[PDB]
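**Q** The structure is given below, and queries will be raised subsequently.
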Amino acid sequence: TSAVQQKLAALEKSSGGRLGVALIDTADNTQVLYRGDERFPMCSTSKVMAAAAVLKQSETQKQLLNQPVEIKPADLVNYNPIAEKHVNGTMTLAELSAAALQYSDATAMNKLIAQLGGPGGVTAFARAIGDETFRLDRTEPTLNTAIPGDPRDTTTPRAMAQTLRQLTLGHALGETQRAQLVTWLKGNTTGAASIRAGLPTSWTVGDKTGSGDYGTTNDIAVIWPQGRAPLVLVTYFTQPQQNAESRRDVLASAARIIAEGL
């Protein structure tokens, strides 16, 4: 095993949970995995797939991103920092995608899932871009529940890193849509303590964090270092106790191991 794999095992051993990591280095297309084929609960990170799936709808539905969507009182769920300002008003699908990605607005995610025809529509998009692993089964606020061994709303680090790469660096989206997804991810407001905390400040990062119960603490990132080609990094972490505390710091450590070791 590599020095990196030994460091990630040591990190998990000290962490009080189960760690999954996938790194793709687009310089030479090498991949480094830790528990890369085990399922982990996604929580907020599934917002990337929903926003992307709406971006893909917009490739053929002109002006879709600018369509107003009513925010109704029944839509409010567990964390609504943007949508709670718009009840009985409207937000466009672009505003909903920005709110879900950059603030982790759960109401906004439920509107995106509904725009796709439910959780099966988000999963259908994953299958259409070659992700056979991702599954979304539920909606907010139940997506924040991360019961050990439950395969609902899970993916694997390997699959999530491949999909994230195809969405941001590859050809899964149209050029305008890919750029918009990357812009949204670079403007995330919730990631300062997670992968970003383990990276040199000069590197450009787009990411989506997530957290839920079982102390589930996640982050998926695309990283443009200086001096080398971009990287894609996924870090999932979940713990055995239902009310375990979030460990953004473990994700920062995994990011540091990768940034220093590859």
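Note on naming: chains are A, B, ... as they come in the structure tokens, residues start from 1 per chain, ligands start from 1 in the order shown.
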Which residues come within 12 Å of residue 163 in chain A, counting only C-alpha atoms, excluding same-chain residues fewer than 4 positions away, as a ChimeraX atom specification?

**A** /A:22,24,46,48-49,52,125-134,155-159,167-173,220-222,232-234

**Q** If we count only C-alpha atoms, what is near residue 177 in chain A at a cut-off of 9 Å, once residues fewer than 6 positions away on the same chain are taken out, given as a VMD selection string?

**A** chain A and resid 52 55 to 56 58 to 59

**Q** Ranking A:64, A:210, A:198, A:203 by minimum distance to residue 227 in chain A and counting only C-alpha atoms, which one comes first?

**A** A:203

**Q** Find the residues near residue 242 in chain A: any atom within 7 Å, counting only C-alpha atoms, skip ones fewer than 2 places away on the same chain, and give them as a list in words.

**A**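 Within the cut-off, the hits are residues 213, 214, 215, 240 and 244 of chain A.
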
**Q** Could you tell me how far CA of residue 88 in chain A lies from CA of residue 109 in chain A, in Å and to one decimal?

**A**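 Distance reported for this atom pair: 17.3 Å.
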
**Q** Quick one: of A:80, A:154, A:162, A:44, who's nearest to residue 209 in chain A, counting only C-alpha atoms?

**A** A:44

**Q** Pick out the residues sitting within 10 Å of range 91-108 of chain A, and hand them over as a VMD selection string; count only C-alpha atoms, and ignore anything fewer than 5 positions along from it in its own chain.

**A** chain A and resid 44 to 48 50 to 52 54 to 55 58 63 to 72 74 to 86 113 to 115 139 to 141 143 to 144 180 to 181 183 to 191 207 to 211

**Q** How many Å lie between CA of residue 32 in chain A and CA of residue 247 in chain A, rounded to one decimal?

**A** 21.7 Å

**Q** Would you mind writing down, as a CSV table (one decimal) with N, CA, C and O atoms, in the first residue's frame, each residue of range 51-235 of chain A that DSSP on the backbone assigns to strand (DSSP E)?

**A**
chain,number,residue,atom,x,y,z
A,68,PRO,N,-39.5,31.3,-13.1
A,68,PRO,CA,-39.9,31.4,-11.7
A,68,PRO,C,-40.6,30.1,-11.2
A,68,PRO,O,-41.4,29.5,-11.9
A,69,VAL,N,-40.2,29.7,-9.9
A,69,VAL,CA,-40.8,28.6,-9.2
A,69,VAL,C,-41.4,29.1,-7.9
A,69,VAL,O,-40.7,29.8,-7.2
A,70,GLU,N,-42.7,28.9,-7.7
A,70,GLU,CA,-43.3,29.3,-6.4
A,70,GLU,C,-42.7,28.6,-5.3
A,70,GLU,O,-42.6,27.4,-5.2
A,90,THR,N,-41.4,33.8,-5.5
A,90,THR,CA,-40.8,32.8,-6.5
A,90,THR,C,-39.3,33.0,-6.4
A,90,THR,O,-38.8,34.0,-6.0
A,91,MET,N,-38.6,32.0,-6.9
A,91,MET,CA,-37.2,31.9,-7.1
A,91,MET,C,-37.0,31.2,-8.4
A,91,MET,O,-37.8,30.2,-8.7
A,92,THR,N,-36.2,31.7,-9.3
A,92,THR,CA,-35.9,30.9,-10.5
A,92,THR,C,-35.1,29.6,-10.2
A,92,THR,O,-34.6,29.4,-9.2
A,154,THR,N,-27.1,6.9,-1.1
A,154,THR,CA,-25.6,6.7,-1.0
A,154,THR,C,-25.0,6.6,-2.4
A,154,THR,O,-25.6,6.5,-3.4
A,155,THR,N,-23.7,6.8,-2.3
A,155,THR,CA,-22.8,6.5,-3.4
A,155,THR,C,-21.5,6.0,-2.9
A,155,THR,O,-21.4,5.8,-1.7
A,204,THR,N,-7.2,27.0,-6.2
A,204,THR,CA,-8.6,27.4,-6.5
A,204,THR,C,-9.4,26.1,-6.3
A,204,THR,O,-9.1,25.0,-6.7
A,205,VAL,N,-10.5,26.3,-5.5
A,205,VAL,CA,-11.4,25.1,-5.1
A,205,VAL,C,-12.8,25.4,-5.4
A,205,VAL,O,-13.3,26.5,-5.1
A,206,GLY,N,-13.5,24.4,-6.0
A,206,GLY,CA,-15.0,24.4,-6.0
A,206,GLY,C,-15.4,23.2,-5.2
A,206,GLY,O,-14.8,22.2,-5.3
A,207,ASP,N,-16.4,23.4,-4.3
A,207,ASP,CA,-16.7,22.2,-3.4
A,207,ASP,C,-18.2,22.2,-3.0
A,207,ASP,O,-18.9,23.3,-3.1
A,208,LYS,N,-18.7,21.1,-2.6
A,208,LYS,CA,-19.9,21.0,-1.9
A,208,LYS,C,-19.8,20.1,-0.7
A,208,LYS,O,-19.3,18.9,-0.7
A,209,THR,N,-20.0,20.7,0.5
A,209,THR,CA,-20.0,20.0,1.7
A,209,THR,C,-21.3,19.2,2.0
A,209,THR,O,-22.3,19.5,1.3
A,210,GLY,N,-21.3,18.3,3.0
A,210,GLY,CA,-22.6,17.8,3.5
A,210,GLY,C,-22.4,17.4,4.9
A,210,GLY,O,-21.3,17.1,5.3
A,211,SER,N,-23.5,17.4,5.6
A,211,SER,CA,-23.5,16.8,7.0
A,211,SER,C,-24.9,16.3,7.3
A,211,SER,O,-25.9,16.8,6.9
A,212,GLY,N,-24.9,15.3,8.2
A,212,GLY,CA,-26.2,14.8,8.7
A,212,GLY,C,-25.9,14.1,10.0
A,212,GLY,O,-24.9,14.2,10.6
A,216,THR,N,-22.2,12.4,10.2
A,216,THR,CA,-21.9,12.3,8.8
A,216,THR,C,-21.4,13.6,8.3
A,216,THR,O,-22.0,14.7,8.6
A,217,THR,N,-20.1,13.6,7.8
A,217,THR,CA,-19.4,14.8,7.4
A,217,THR,C,-18.7,14.6,6.1
A,217,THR,O,-17.9,13.7,6.0
A,218,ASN,N,-19.1,15.3,5.1
A,218,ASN,CA,-18.7,15.0,3.7
A,218,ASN,C,-18.3,16.2,3.0
A,218,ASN,O,-18.7,17.4,3.3
A,219,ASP,N,-17.5,16.0,1.9
A,219,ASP,CA,-17.1,17.2,1.0
A,219,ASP,C,-16.7,16.6,-0.3
A,219,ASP,O,-15.9,15.6,-0.3
A,220,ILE,N,-17.1,17.2,-1.4
A,220,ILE,CA,-16.6,16.7,-2.7
A,220,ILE,C,-16.1,18.0,-3.4
A,220,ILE,O,-16.7,19.1,-3.3
A,221,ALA,N,-14.9,17.9,-4.0
A,221,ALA,CA,-14.2,19.1,-4.5
A,221,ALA,C,-13.5,18.9,-5.8
A,221,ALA,O,-13.0,17.8,-6.1
A,222,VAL,N,-13.5,20.0,-6.6
A,222,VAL,CA,-12.6,20.0,-7.7
A,222,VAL,C,-11.6,21.1,-7.4
A,222,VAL,O,-12.0,22.2,-6.9
A,223,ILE,N,-10.3,20.8,-7.6
A,223,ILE,CA,-9.2,21.6,-7.1
A,223,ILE,C,-8.3,21.9,-8.3
A,223,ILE,O,-7.9,21.1,-9.0
A,224,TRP,N,-8.0,23.2,-8.5
A,224,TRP,CA,-7.0,23.6,-9.5
A,224,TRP,C,-5.8,24.1,-8.7
A,224,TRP,O,-5.7,25.3,-8.4
A,231,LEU,N,-7.3,18.5,-9.8
A,231,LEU,CA,-7.6,17.2,-9.1
A,231,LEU,C,-9.0,17.2,-8.7
A,231,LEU,O,-9.7,18.2,-8.6
A,232,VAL,N,-9.6,15.9,-8.5
A,232,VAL,CA,-10.9,15.8,-8.0
A,232,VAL,C,-10.8,15.0,-6.7
A,232,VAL,O,-10.2,13.9,-6.8
A,233,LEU,N,-11.4,15.5,-5.7
A,233,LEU,CA,-11.2,14.9,-4.3
A,233,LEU,C,-12.6,14.7,-3.7
A,233,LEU,O,-13.3,15.7,-3.5
A,234,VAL,N,-12.9,13.5,-3.3
A,234,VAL,CA,-14.1,13.2,-2.5
A,234,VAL,C,-13.7,12.7,-1.2
A,234,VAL,O,-12.9,11.8,-1.1
A,235,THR,N,-14.3,13.2,-0.1
A,235,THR,CA,-14.1,12.7,1.3
A,235,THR,C,-15.4,12.5,1.9
A,235,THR,O,-16.1,13.5,2.1

**Q** Distance CA of residue 11 in chain A-CA of residue 193 in chain A, one decimal place?

**A**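 These two atoms are separated by 16.8 Å.
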
**Q** Would you list, as an NGL selection string, the residues of range 98-137 of chain A that end up in alpha helix (DSSP H) under DSSP run on this structure's backbone?

**A** :A and (98-103 or 106-115 or 119-128)

**Q** So which one's closest to residue 112 in chain A, A:89, A:153, A:136, A:53? Using only C-alpha atoms, please.

**A**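 Using only C-alpha atoms, residue 112 in chain A sits closest to A:53.
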
**Q** With distances taken over only C-alpha atoms, which of A:21, A:8, A:262, A:199 is nearest to residue 228 in chain A?

**A**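 Checking each of A:21, A:8, A:262, A:199 against residue 228 in chain A, counting only C-alpha atoms, the winner is A:262.
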
**Q** Which one of A:43, A:27, A:236, A:249 sits closest to residue 14 in chain A if you count only C-alpha atoms?

**A**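 So, comparing all the options, the nearest one is A:249.
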